[PDB]
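Undergrad: experimental structure and sequence below, a few questions after.
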Amino acid sequence: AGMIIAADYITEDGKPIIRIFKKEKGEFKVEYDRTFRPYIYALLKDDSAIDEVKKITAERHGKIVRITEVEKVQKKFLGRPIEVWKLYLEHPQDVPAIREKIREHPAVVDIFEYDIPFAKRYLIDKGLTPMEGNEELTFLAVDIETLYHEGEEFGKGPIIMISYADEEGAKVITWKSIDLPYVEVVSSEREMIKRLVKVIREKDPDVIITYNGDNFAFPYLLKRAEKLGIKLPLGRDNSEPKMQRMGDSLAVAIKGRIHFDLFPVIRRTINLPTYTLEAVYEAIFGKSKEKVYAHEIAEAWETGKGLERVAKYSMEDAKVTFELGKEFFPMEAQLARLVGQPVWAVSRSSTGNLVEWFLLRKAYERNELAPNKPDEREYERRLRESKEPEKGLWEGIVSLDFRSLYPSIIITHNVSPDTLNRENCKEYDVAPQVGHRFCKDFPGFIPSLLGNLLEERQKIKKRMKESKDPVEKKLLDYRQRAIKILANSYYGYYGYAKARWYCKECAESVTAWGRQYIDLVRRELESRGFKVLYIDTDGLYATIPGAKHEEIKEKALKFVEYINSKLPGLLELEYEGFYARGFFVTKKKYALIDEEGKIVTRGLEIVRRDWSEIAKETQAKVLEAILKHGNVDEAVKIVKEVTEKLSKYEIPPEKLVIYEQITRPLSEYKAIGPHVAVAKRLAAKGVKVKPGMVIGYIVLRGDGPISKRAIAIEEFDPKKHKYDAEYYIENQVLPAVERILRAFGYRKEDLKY
DNA sequence: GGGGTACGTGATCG
DNA sequence: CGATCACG
Ligand SMILES: [Mg+2]
């Protein structure tokens, strides 16, 4: 079978050619389409206006741009028939050149579908879905180790090891002598990079797995390949990996392949305070992994002693990256297929953007004109548009999930922006408290799609019970899971300020109808002896005060079984889990500990390089005292001792360092924060300050804002300089612990002597 | 060989 | 305050 893995376009004689990358019975095939044309829609005041509108012109690449053909089309907008004009263009890059010239026009009411990338336009319009079929893909995990010294410019240090892994095993390429069976010793950094290029071209993997290869491995490989005057022909068309700007960070694509970066995937899928490969591997496979820190790698490389340890670490990084990629790719592949967009894009998207891509495709299928994304003004206005947890430390906490309730509410009440407050509506549903009216006269666009999604999931689930084949059961399990994830993202999407089908009234109405079921669950739990400690639209936490843990579990499992049997249709409550202890601060700010001693928090931990070690160490100690020791008095004593130690200059300066990256040329800064004031002084000294550089600084005692009192760590002398104890107490240590301790009745002022 | 693509949050500046 | 900036 022919499986689409990606799509893009190339220009030939100034004209666009769509490229469809396929895997057909184990073979890479590239299909070319020259006939598909770019277009936008324009809603005109009157049909007569088209004569003036079709004559609109623009300029691109020195040459003028024209509307190639115009077509009157009948579509649906806001659940109403609408007549719009399809404005065809020669090249997709013509659209950003001419769209505002068309929008400007006095006879143009509005323009639509003017920001849809050409390759995604093609996939939607041609009814093409990526990752369909039983086609078996090949995978290769790739990792690199670099020589790093404190605060160096990105790419100054050479790549010292390159590792890769597949089903054949994990291997290391290095340019220093190491006697291990899996180590390939080459002569230079140049020859090691060329060997990675050779491995990739020979193995010809369909998927390249990395752990943060978007921001580290590939940008570094590209930087070192540039310095060394060598190419990286990793694309199946011999093109080099392409760095793309996604937000403030990067995204790397390899043409004809899927660069599958696990880092954005795992960050979305699982909840951890740190996303180190070691923490992630232990969380998924329950196995320990050793870390070899940058300073240890530098010492081993420079001394030539203890290099076997470094090569074992590099080899394991690839081996576990391969194991994790194989664990997480099947789900990303089913989400790709379900939304009808490539894995590359889907693996790097929020669920809100997954819903939008599903909706855009379904809009084309149903002849529905898509609403536009908001302008800066509308986006801000949406962000402006508008139960309390139990205090103390609780034991034996049961977690219940409400999320599978909302798709059913959207369908039954026909909650959709196209059904909201319709004029001359015969029958409508009124939302409780909020009072929004949703027309019953026709099924809304979103309710209609959701119903089909939920029906399709029930069919898959029925096929799973009636299947004797463990292979299709595995594939169908990922399919029903992908639908559940997509369906449960619709509620959130109605409220997403960047959404096309954004509807505040829809989100409130679903919250209002949802609340009746939440109040039922809360009441039925409370009559069973349960105390509800935390409730949000997503779920709740409860316990039976002073009851045995097995009894809390048994009663909770019995309770979900009971409620689901009382709730009509596909309305479903889910038992998420059990926790030995936990405390709750506010909405989505809480911390729990499971029976295996794993701490799980939401909106509290500060495990980041721009927070000093003293603040992170104290916060970890406070959480451990509370969750592992069940002792809030110990936690308060920890803070009081640390702050006194800071007052008396008893804390080592290494625990006071703040790290912040330089992201621009120094002259481009508008606000000069401490790291920039320090960076400007270094540049003045002759230091090559470049974006990517990470500035380590300590805040000293004195007058003025912190920026004037910050010193570079390399300039800090414990004899001459005195750190600002008030800054480390009030701006570092106390903010790190004050939110946690507020759950127990302490204010900032109670945490000192 | 393309193209808009990321958020949610919290500190510090101006 | 809003604006700016950075983390993962
Ligand atoms: Mg590594």
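TA: That came through, no problem. Residues are numbered from 1 along each chain as shown, chains lettered A, B, ... in the order given.

Undergrad: could you find the closest non-adjacent residue to the closest residue to the ion within chain A?
TA: Per CB to the ion, residue A:317 is where chain A lies closest to the ion, at 3.9 Å. Bear in mind the C-beta positions are built from the backbone N, C-alpha and C, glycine included. Nearest non-adjacent residue to residue A:317, counting by CB to CB, 6 or more residues apart in numbering: residue A:143, 4.4 Å away.

Undergrad: over to residue A:78?
TA: The nearest residue in space to residue A:78 (CB to CB, 6+ apart) is residue A:418, at 5.6 Å.

Undergrad: list the contacts of the one you found.
TA: By CB atoms under 8 Å, 6 or more residues apart in numbering, the contact set of residue A:418 is A:78, A:79, A:444, A:445.

Undergrad: just the buried residues out of those residues, in ChimeraX syntax.
TA: What follows is the ChimeraX syntax for the buried subset of the contacts of residue A:418, where burial is set by 16 or more other CB atoms under 10 Å:
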select /A:79,444,445
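
Undergrad: what about the contacts of residue A:418, which are in helices?
TA: residue A:445 (DSSP state H).

Undergrad: got TSV for the contacts of residue A:418, with distance to the ion too?
TA: TSV is the format used below for these (distance: CB to the ion, whole Å):
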residue	distance to the ion
A:78	51
A:79	52
A:444	49
A:445	46
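
Undergrad: which one among the contacts of residue A:418 gets closest to residue A:385?
TA: residue A:78 (19.5 Å; CB to CB).

Undergrad: shouldn't that closest one be in contact with residue A:420?
TA: No. In this structure residue A:78 lies outside contact range of residue A:420 using CB atoms under 8 Å: 9.4 Å.

Undergrad: on that earlier part again, so which helix or strand takes in the residue nearest to residue A:78?
TA: Under DSSP states H and E, no helix or strand contains residue A:418.

Undergrad: then residue A:585?
TA: Under the criterion of DSSP H and E, residue A:585 resides in strand A:574-586.

Undergrad: so which elements touch that strand?
TA: strand A:394-401, strand A:531-535, strand A:539-543, helix A:549-566, strand A:589-593, helix A:613-627, helix A:734-742 (3 or more CB pairs under 8 Å, 6 or more residues apart in numbering; DSSP states H and E).

Undergrad: that one vs DNA strand B: in contact?
TA: No. Strand A:574-586 does not reach DNA strand B (CB under 7 Å from any atom of the strand); its nearest approach is 9.3 Å.

Undergrad: how about the contacts made by residue A:540?
TA: A:399, A:400, A:402, A:518, A:521, A:522, A:525, A:532, A:533, A:534.

Undergrad: how close does the second one sit to DNA strand C?
TA: What that stands for is residue A:400. Distance of residue A:400 to DNA strand C, computed by CB to the nearest atom of the strand, to the nearest Å: 27 Å.

Undergrad: same thing with the third one?
TA: For residue A:402, the distance to DNA strand C equals 25 Å [CB to the nearest atom of the strand].

Undergrad: isn't that residue right next to residue A:520, touching?
TA: No. Counting by CB under 8 Å, residue A:402 does not reach residue A:520; the two are 11.1 Å apart.

Undergrad: for the closest residue to DNA strand B within chain A, grab phi and psi.
TA: Nearest residue of chain A to DNA strand B (CB to the nearest atom of the strand) works out as residue A:247 at 2.0 Å. The phi and psi torsions at residue A:247 (degrees, to the nearest 10) take the values phi 70, psi -120.

Undergrad: so after the longest helix along chain A, what's the next helix or strand?
TA: Secondary structure of chain A per DSSP H: the longest helix is helix A:307-339. Per DSSP H and E, the first helix or strand lying C-terminal to helix A:307-339 is helix A:343-346.

Undergrad: isn't the residue of chain A closest to the ion up against residue A:280?
TA: No. Judged on CB under 8 Å, residue A:317 makes no contact with residue A:280 at a distance of 11.4 Å.

Undergrad: between those two, point out the one with more neighbours.
TA: The residue with more neighbours, out of residue A:317 and residue A:280, is residue A:317; 27 against 23, by other CB atoms under 10 Å.

Undergrad: so what's that one up against?
TA: Contacts for residue A:317 (CB under 8 Å, 6+ apart) come out as A:143, A:145, A:163, A:211, A:277.

Undergrad: rewinding a little: top of the contacts of residue A:540 by number of neighbours, please.
TA: Ranked by neighbours (other CB under 10 Å), the contacts of residue A:540 are led by residue A:534, which has 25 neighbours.

Undergrad: I'd say it and residue A:390 touch.
TA: Yes. Judged on CB under 8 Å, residue A:534 makes contact with residue A:390 at a distance of 7.1 Å.

Undergrad: find the helix or strand that the spatially closest residue to residue A:622 that is not a sequence neighbour is a member of.
TA: Using CB to CB, 6+ apart and skipping residues adjacent in sequence, the residue nearest residue A:622 is residue A:635, 4.4 Å away. Assigned by DSSP H and E, residue A:635 falls within helix A:632-647.
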